[PDB]
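Chemist: If it helps, the file is called query-v1.pdb and holds PDB, C-alpha atoms (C1' of nucleotides):
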```pdb
ATOM      1  CA  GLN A   8     -17.760  -3.356  11.417
ATOM      2  CA  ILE A   9     -14.273  -3.967  10.057
ATOM      3  CA  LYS A  10     -11.818  -1.697   8.240
ATOM      4  CA  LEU A  11      -8.476  -2.628   6.679
ATOM      5  CA  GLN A  12      -6.046  -1.973   3.833
ATOM      6  CA  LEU A  13      -5.785  -4.540   1.045
ATOM      7  CA  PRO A  14      -3.709  -4.354  -2.172
ATOM      8  CA  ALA A  15      -5.809  -3.559  -5.234
ATOM      9  CA  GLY A  16      -5.713  -6.610  -7.466
ATOM     10  CA  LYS A  17      -4.622  -9.294  -5.008
ATOM     11  CA  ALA A  18      -6.751 -10.797  -2.245
ATOM     12  CA  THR A  19      -6.689 -14.487  -1.326
ATOM     13  CA  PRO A  20      -3.832 -15.466   1.152
ATOM     14  CA  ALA A  21      -5.240 -17.160   4.252
ATOM     15  CA  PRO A  22      -2.727 -15.739   6.858
ATOM     16  CA  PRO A  23      -3.755 -12.000   6.512
ATOM     17  CA  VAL A  24      -7.341 -11.586   5.253
ATOM     18  CA  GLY A  25      -8.347 -15.158   6.144
ATOM     19  CA  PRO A  26      -8.931 -15.032   9.947
ATOM     20  CA  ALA A  27      -9.496 -11.278  10.389
ATOM     21  CA  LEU A  28     -12.668 -11.358   8.297
ATOM     22  CA  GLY A  29     -13.405 -15.050   8.704
ATOM     23  CA  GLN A  30     -13.976 -14.566  12.427
ATOM     24  CA  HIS A  31     -16.977 -12.412  11.520
ATOM     25  CA  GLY A  32     -18.596 -14.953   9.214
ATOM     26  CA  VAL A  33     -17.276 -13.230   6.090
ATOM     27  CA  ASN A  34     -17.212 -15.376   2.949
ATOM     28  CA  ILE A  35     -13.537 -15.078   2.011
ATOM     29  CA  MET A  36     -14.066 -16.574  -1.463
ATOM     30  CA  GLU A  37     -16.869 -14.145  -2.280
ATOM     31  CA  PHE A  38     -14.997 -11.218  -0.776
ATOM     32  CA  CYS A  39     -11.815 -11.802  -2.768
ATOM     33  CA  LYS A  40     -13.604 -12.027  -6.147
ATOM     34  CA  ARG A  41     -15.676  -8.932  -5.375
ATOM     35  CA  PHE A  42     -12.738  -6.833  -4.177
ATOM     36  CA  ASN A  43     -10.522  -7.962  -7.059
ATOM     37  CA  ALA A  44     -13.303  -7.163  -9.539
ATOM     38  CA  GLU A  45     -14.024  -3.545  -8.679
ATOM     39  CA  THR A  46     -10.547  -2.469  -7.615
ATOM     40  CA  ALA A  47      -9.077  -3.946 -10.815
ATOM     41  CA  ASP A  48      -9.228  -0.471 -12.328
ATOM     42  CA  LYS A  49      -6.613   0.699  -9.812
ATOM     43  CA  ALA A  50      -4.538  -2.489  -9.563
ATOM     44  CA  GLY A  51      -1.218  -1.931  -7.809
ATOM     45  CA  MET A  52      -2.459   0.692  -5.373
ATOM     46  CA  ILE A  53      -2.982   0.140  -1.645
ATOM     47  CA  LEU A  54      -6.340   1.378  -0.384
ATOM     48  CA  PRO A  55      -8.614   1.006   2.680
ATOM     49  CA  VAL A  56     -11.666  -1.219   2.487
ATOM     50  CA  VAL A  57     -14.703  -0.839   4.726
ATOM     51  CA  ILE A  58     -16.616  -4.103   5.004
ATOM     52  CA  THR A  59     -19.979  -4.077   6.723
ATOM     53  CA  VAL A  60     -20.972  -7.531   7.933
ATOM     54  CA  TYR A  61     -24.337  -8.380   9.461
ATOM     55  CA  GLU A  62     -26.129 -11.341  11.044
ATOM     56  CA  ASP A  63     -26.725 -12.772   7.586
ATOM     57  CA  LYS A  64     -23.620 -14.312   6.007
ATOM     58  CA  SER A  65     -23.552 -11.456   3.494
ATOM     59  CA  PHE A  66     -21.634  -8.176   3.338
ATOM     60  CA  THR A  67     -20.915  -4.949   1.500
ATOM     61  CA  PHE A  68     -17.642  -3.114   0.893
ATOM     62  CA  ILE A  69     -16.705   0.509   0.288
ATOM     63  CA  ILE A  70     -13.497   1.783  -1.320
ATOM     64  CA  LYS A  71     -11.592   4.834  -0.067
ATOM     65  CA  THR A  72      -8.807   7.062  -1.375
ATOM     66  CA  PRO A  73      -5.159   6.377  -0.351
ATOM     67  CA  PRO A  74      -3.985   7.570   3.112
ATOM     68  CA  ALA A  75      -2.208  10.903   3.623
ATOM     69  CA  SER A  76       0.872   9.034   4.820
ATOM     70  CA  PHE A  77       1.191   7.448   1.377
ATOM     71  CA  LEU A  78       0.616  10.725  -0.456
ATOM     72  CA  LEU A  79       3.226  12.563   1.623
ATOM     73  CA  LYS A  80       5.803   9.848   0.884
ATOM     74  CA  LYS A  81       5.223   9.990  -2.861
ATOM     75  CA  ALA A  82       5.173  13.787  -2.759
ATOM     76  CA  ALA A  83       8.501  14.049  -0.933
ATOM     77  CA  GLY A  84       9.939  11.375  -3.195
ATOM     78  CA  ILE A  85      10.530   8.601  -0.676
ATOM     79  CA  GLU A  86       9.461   4.971  -0.460
ATOM     80  CA  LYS A  87      10.129   4.503   3.233
ATOM     81  CA  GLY A  88       9.479   6.887   6.096
ATOM     82  CA  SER A  89      11.983   7.948   8.719
ATOM     83  CA  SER A  90      12.777   5.548  11.553
ATOM     84  CA  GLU A  91      13.155   8.529  13.881
ATOM     85  CA  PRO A  92      10.971  11.511  12.734
ATOM     86  CA  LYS A  93      12.499  14.597  14.425
ATOM     87  CA  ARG A  94      15.874  12.852  14.463
ATOM     88  CA  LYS A  95      16.533  11.898  10.840
ATOM     89  CA  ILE A  96      15.244  14.208   8.100
ATOM     90  CA  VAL A  97      14.584  12.379   4.823
ATOM     91  CA  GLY A  98      12.304  14.527   2.697
ATOM     92  CA  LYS A  99      10.829  18.016   2.549
ATOM     93  CA  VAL A 100       7.582  19.582   1.313
ATOM     94  CA  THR A 101       6.702  23.170   0.374
ATOM     95  CA  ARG A 102       3.701  25.234   1.572
ATOM     96  CA  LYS A 103       1.979  25.189  -1.837
ATOM     97  CA  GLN A 104       2.397  21.417  -1.957
ATOM     98  CA  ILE A 105       0.807  21.035   1.473
ATOM     99  CA  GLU A 106      -2.234  22.861   0.150
ATOM    100  CA  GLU A 107      -2.299  20.571  -2.886
ATOM    101  CA  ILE A 108      -2.448  17.378  -0.815
ATOM    102  CA  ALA A 109      -4.838  18.983   1.668
ATOM    103  CA  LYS A 110      -7.215  19.916  -1.156
ATOM    104  CA  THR A 111      -7.105  16.364  -2.506
ATOM    105  CA  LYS A 112      -7.862  14.804   0.890
ATOM    106  CA  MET A 113     -10.229  17.597   1.908
ATOM    107  CA  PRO A 114     -13.502  15.670   1.116
ATOM    108  CA  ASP A 115     -12.341  13.009   3.586
ATOM    109  CA  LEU A 116     -10.775  15.354   6.109
ATOM    110  CA  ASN A 117     -12.548  16.270   9.346
ATOM    111  CA  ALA A 118     -11.456  19.890   9.002
ATOM    112  CA  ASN A 119     -13.840  22.748   8.276
ATOM    113  CA  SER A 120     -11.497  25.492   7.099
ATOM    114  CA  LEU A 121      -8.604  25.157   4.626
ATOM    115  CA  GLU A 122      -6.169  26.461   7.241
ATOM    116  CA  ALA A 123      -7.222  23.542   9.435
ATOM    117  CA  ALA A 124      -6.726  21.153   6.521
ATOM    118  CA  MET A 125      -3.241  22.497   5.901
ATOM    119  CA  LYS A 126      -2.163  22.116   9.524
ATOM    120  CA  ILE A 127      -3.375  18.523   9.913
ATOM    121  CA  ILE A 128      -1.164  17.637   6.928
ATOM    122  CA  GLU A 129       1.790  19.500   8.472
ATOM    123  CA  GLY A 130       1.289  17.463  11.618
ATOM    124  CA  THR A 131       1.788  14.174   9.807
ATOM    125  CA  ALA A 132       4.718  15.656   7.872
ATOM    126  CA  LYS A 133       6.802  16.531  10.951
ATOM    127  CA  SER A 134       5.917  13.194  12.542
ATOM    128  CA  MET A 135       7.064  11.332   9.427
ATOM    129  CA  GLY A 136      10.435  13.036   9.077
ATOM    130  CA  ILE A 137       9.481  15.575   6.435
ATOM    131  CA  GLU A 138      10.709  19.151   6.753
ATOM    132  CA  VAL A 139       8.177  21.836   5.922
ATOM    133  CA  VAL A 140       9.570  24.664   3.815
ATOM    134  CA  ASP A 141       7.711  27.862   3.014
TER     135      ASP A 141
ATOM    136  CA  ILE B   1      -6.482 -25.397  18.405
ATOM    137  CA  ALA B   2      -8.425 -27.073  15.598
ATOM    138  CA  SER B   3      -9.553 -24.628  12.883
ATOM    139  CA  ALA B   4      -9.360 -24.207   9.155
ATOM    140  CA  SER B   5      -7.165 -21.391   7.761
ATOM    141  CA  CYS B   6      -6.258 -19.244  10.496
ATOM    142  CA  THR B   7      -2.836 -18.838  11.827
ATOM    143  CA  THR B   8       0.837 -18.908  10.752
ATOM    144  CA  UNK B   9       2.108 -22.041  12.277
ATOM    145  CA  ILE B  10       0.374 -24.470  14.656
ATOM    146  CA  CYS B  11      -1.306 -26.476  12.086
ATOM    147  CA  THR B  12      -4.192 -25.396  10.033
ATOM    148  CA  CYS B  13      -4.808 -22.358   8.097
ATOM    149  CA  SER B  14      -6.916 -22.683   5.328
ATOM    150  CA  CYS B  15      -7.610 -24.678   2.419
ATOM    151  CA  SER B  16     -10.862 -24.504   0.629
ATOM    152  CA  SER B  17     -12.330 -22.154  -1.956
TER     153      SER B  17
ATOM    154  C1'   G C   1     -20.625   3.270  41.610
ATOM    155  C1'   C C   2     -24.748   3.290  37.517
ATOM    156  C1'   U C   3     -26.867   4.613  31.687
ATOM    157  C1'   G C   4     -24.279   5.622  26.817
ATOM    158  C1'   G C   5     -20.575   7.819  24.017
ATOM    159  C1'   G C   6     -14.914   5.710  23.648
ATOM    160  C1'   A C   7     -14.693   7.264  15.688
ATOM    161  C1'   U C   8     -12.719   9.704  12.099
ATOM    162  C1'   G C   9      -7.376  11.913   8.864
ATOM    163  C1'   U C  10      -4.380   5.256   8.620
ATOM    164  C1'   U C  11      -3.241  -0.847   9.726
ATOM    165  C1'   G C  12       1.801   6.341  12.095
ATOM    166  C1'   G C  13       7.777   4.336   9.318
ATOM    167  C1'   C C  14       6.734  -0.597   9.297
ATOM    168  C1'   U C  15       8.879  -6.310  10.723
ATOM    169  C1'   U C  16       7.973 -11.302  11.482
ATOM    170  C1'   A C  17       4.977 -17.064  10.019
ATOM    171  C1'   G C  18       1.398 -12.713  11.148
ATOM    172  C1'   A C  19       1.351  -6.846  13.029
ATOM    173  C1'   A C  20      -4.085  -4.404  11.857
ATOM    174  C1'   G C  21      -3.081   0.208  19.643
ATOM    175  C1'   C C  22      -2.001  -4.646  23.346
ATOM    176  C1'   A C  23       6.062  -7.262  19.788
ATOM    177  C1'   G C  24       9.568  -4.300  18.219
ATOM    178  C1'   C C  25      12.799   2.381  18.095
ATOM    179  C1'   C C  26      11.500   7.972  17.363
ATOM    180  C1'   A C  27       7.324   9.506  17.318
ATOM    181  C1'   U C  28       3.156  10.856  20.301
ATOM    182  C1'   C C  29       0.536  13.957  15.746
ATOM    183  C1'   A C  30      -4.439  17.421  14.086
ATOM    184  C1'   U C  31      -9.096  17.304  13.452
ATOM    185  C1'   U C  32     -13.563  18.315  14.761
ATOM    186  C1'   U C  33     -15.786  17.970  18.720
ATOM    187  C1'   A C  34     -20.857  17.335  24.007
ATOM    188  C1'   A C  35     -16.591  15.268  25.104
ATOM    189  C1'   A C  36     -13.437  11.758  23.086
ATOM    190  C1'   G C  37      -5.616   8.438  24.447
ATOM    191  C1'   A C  38      -1.376   7.781  17.494
ATOM    192  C1'   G C  39      -4.356   3.905  24.045
ATOM    193  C1'   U C  40      -4.335   0.720  31.148
ATOM    194  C1'   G C  41      -5.436  -3.621  30.116
ATOM    195  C1'   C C  42      -7.617  -9.496  29.408
ATOM    196  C1'   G C  43      -7.749 -12.247  25.549
ATOM    197  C1'   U C  44      -6.563 -15.433  20.018
ATOM    198  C1'   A C  45      -1.369 -18.064  17.001
ATOM    199  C1'   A C  46      -2.921 -12.497  16.182
ATOM    200  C1'   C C  47      -7.350  -9.633  15.146
ATOM    201  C1'   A C  48     -11.195  -9.816  17.613
ATOM    202  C1'   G C  49     -14.759  -9.454  21.905
ATOM    203  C1'   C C  50     -13.769  -6.625  25.427
ATOM    204  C1'   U C  51     -11.288  -2.719  29.595
ATOM    205  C1'   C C  52     -10.452   2.274  31.812
ATOM    206  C1'   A C  53      -8.904   7.875  30.554
ATOM    207  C1'   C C  54     -12.575  11.481  29.340
ATOM    208  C1'   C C  55     -17.109  12.786  28.837
ATOM    209  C1'   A C  56     -23.579  13.463  29.025
ATOM    210  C1'   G C  57     -26.873  12.163  32.981
ATOM    211  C1'   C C  58     -27.102  10.568  37.482
TER     212        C C  58
END
```
Could you show the structure in this file as structure tokens?
Modeler:
Amino acid sequence: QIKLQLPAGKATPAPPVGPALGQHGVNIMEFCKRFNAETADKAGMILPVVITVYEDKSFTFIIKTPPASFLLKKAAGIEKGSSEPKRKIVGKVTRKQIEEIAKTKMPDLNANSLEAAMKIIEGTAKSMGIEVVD
Amino acid sequence: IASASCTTXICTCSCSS
RNA sequence: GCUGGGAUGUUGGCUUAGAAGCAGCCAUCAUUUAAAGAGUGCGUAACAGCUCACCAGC
């Protein structure tokens, strides 16, 4: 199977999506129309697409919520992450905010308890150059 | 070496649809 | 050595023609796990397909 991140609303350039999926017998022209048809409701957002291809030259795709990395950036108020995480601090997040993002990405998190969901978020935060404030 | 749509330079890439 | 796991939270910030471990600098996270690398590698123009670490059995 193949997983990737395409921009909602635009799918057609040969260089990126062309070979990656084409090497698996994926009909690029049918994929682009399909993806651009459903994800038109959220045009402008970057999201992961799971495309299941089989022996038959047909496929199916599933849409997923935006990655935590993107949420943390928009939460802290930054467009670009830090080149050097524990070297250059760019943004900061508060405890209650960590819970907020954790609760939103909980249904897709591999954690069982909320405490575990909070910590996984904190992990990405410190590795992205975001200071955690209580 | 001789494909259709598929790389950034050598010489083909894509072109149908 | 042999039989099968070797994904998820993402394609970590991203840059080039392209970047989606195998280019590039800090990072190097946490899950949950039976146990499982923000990965030793071949390879395509990259992906891929594939390789060990580890595991379950032997």
Chemist: Contacts of residue 51 (chain A) at 12 Å or less, counting only C-alpha atoms (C1' of nucleotides), minus same-chain residues fewer than 6 places along, as a JSON list (two decimals) with C-alpha atoms, in the coordinates of the input?
Modeler:
```
[["chain", "number", "residue", "atom", "x", "y", "z"],
["A", 13, "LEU", "CA", -5.78, -4.54, 1.04],
["A", 14, "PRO", "CA", -3.71, -4.35, -2.17],
["A", 15, "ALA", "CA", -5.81, -3.56, -5.23],
["A", 16, "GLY", "CA", -5.71, -6.61, -7.47],
["A", 17, "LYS", "CA", -4.62, -9.29, -5.01],
["A", 18, "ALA", "CA", -6.75, -10.80, -2.24],
["A", 43, "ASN", "CA", -10.52, -7.96, -7.06],
["A", 73, "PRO", "CA", -5.16, 6.38, -0.35]]
```
Chemist: Can you measure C1' of residue 40 (chain C) to CA of residue 9 (chain A) for me? One decimal in Å is fine.
Modeler: 23.8 Å
Chemist: What's the separation between CA of residue 141 (chain A) and CA of residue 97 (chain A), in Å to one decimal place?
Modeler: 17.0 Å
Chemist: Would you work out the distance separating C1' of residue 14 (chain C) from CA of residue 94 (chain A), expressed in Å to one decimal?
Modeler: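 So the answer is 17.1 Å.
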Chemist: Env of region 1-12 of chain B: 6 Å cut, atoms = all atoms listed in the file, seq-sep filter 5 positions within chain, self excluded. Answer as a ChimeraX atom specification.
Modeler: /A:21-22,26 /C:17,45
Chemist: Give me the residues near residue 47 (chain C) as a PDB file with C-alpha atoms (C1' of nucleotides), in the frame of the given file, where near means some atom within 9 Å (using only C-alpha atoms (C1' of nucleotides)) and where sequence neighbours in that chain fewer than 2 positions away do not count.
Modeler:
```pdb
ATOM      1  CA  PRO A  26      -8.931 -15.032   9.947  1.00  0.00           C
ATOM      2  CA  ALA A  27      -9.496 -11.278  10.389  1.00  0.00           C
ATOM      3  CA  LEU A  28     -12.668 -11.358   8.297  1.00  0.00           C
ATOM      4  CA  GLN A  30     -13.976 -14.566  12.427  1.00  0.00           C
TER       5      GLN A  30
ATOM      6  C1'   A C  20      -4.085  -4.404  11.857  1.00  0.00           C
ATOM      7  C1'   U C  44      -6.563 -15.433  20.018  1.00  0.00           C
TER       8        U C  44
END
```
Chemist: Give me, as CSV, the closest atom pair and its distance (Å, one decimal) for every residue of chain A within a cut-off of 8 Å of chain C, counting all atoms listed in the file, rows sorted by chain and rising number.
Modeler:
```
residue,atom,partner,partner_atom,distance
A:11,CA,C:11,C1',6.3
A:12,CA,C:11,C1',6.6
A:22,CA,C:18,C1',6.7
A:23,CA,C:18,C1',7.0
A:26,CA,C:47,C1',7.7
A:27,CA,C:47,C1',5.5
A:30,CA,C:48,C1',7.6
A:74,CA,C:10,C1',6.0
A:75,CA,C:9,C1',7.4
A:76,CA,C:10,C1',7.5
A:87,CA,C:13,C1',6.5
A:88,CA,C:13,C1',4.4
A:89,CA,C:13,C1',5.6
A:90,CA,C:13,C1',5.6
A:91,CA,C:26,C1',3.9
A:92,CA,C:26,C1',5.9
A:93,CA,C:26,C1',7.3
A:94,CA,C:26,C1',7.2
A:115,CA,C:9,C1',7.3
A:116,CA,C:9,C1',5.6
A:117,CA,C:31,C1',5.5
A:118,CA,C:31,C1',5.7
A:119,CA,C:32,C1',7.9
A:123,CA,C:31,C1',7.7
A:126,CA,C:30,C1',6.9
A:127,CA,C:30,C1',4.4
A:128,CA,C:30,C1',7.9
A:130,CA,C:29,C1',5.5
A:131,CA,C:29,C1',6.1
A:134,CA,C:27,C1',6.2
A:135,CA,C:13,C1',7.0
```
Chemist: Can you list what the PyMOL selection byres ((chain A and resi 35) around 9) grabs from this structure, as number ranges by chain?
Modeler: A: 19, 21, 24-25, 28-29, 32-34, 36-40; B: 17
Chemist: Tell me which protein, DNA and RNA residues are within 10 Å of residue 69 (chain A), counting all atoms listed in the file, leaving out same-chain ones fewer than 2 positions away, and put them as a tab-separated table (two decimals) with C-alpha atoms, in the coordinates of the input.
Modeler:
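Wrote result-v8.tsv, looks like this:
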```tsv
chain	number	residue	atom	x	y	z
A	10	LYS	CA	-11.82	-1.70	8.24
A	42	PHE	CA	-12.74	-6.83	-4.18
A	55	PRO	CA	-8.61	1.01	2.68
A	56	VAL	CA	-11.67	-1.22	2.49
A	57	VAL	CA	-14.70	-0.84	4.73
A	58	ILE	CA	-16.62	-4.10	5.00
A	59	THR	CA	-19.98	-4.08	6.72
A	67	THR	CA	-20.92	-4.95	1.50
A	71	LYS	CA	-11.59	4.83	-0.07
```
Chemist: Report as an NGL selection string all protein, DNA and RNA residues lying within 10 Å of residue 21 (chain C), evaluated on all atoms listed in the file, omitting residues in the same chain fewer than 5 positions from it.
Modeler: :C and (11 or 37-39)
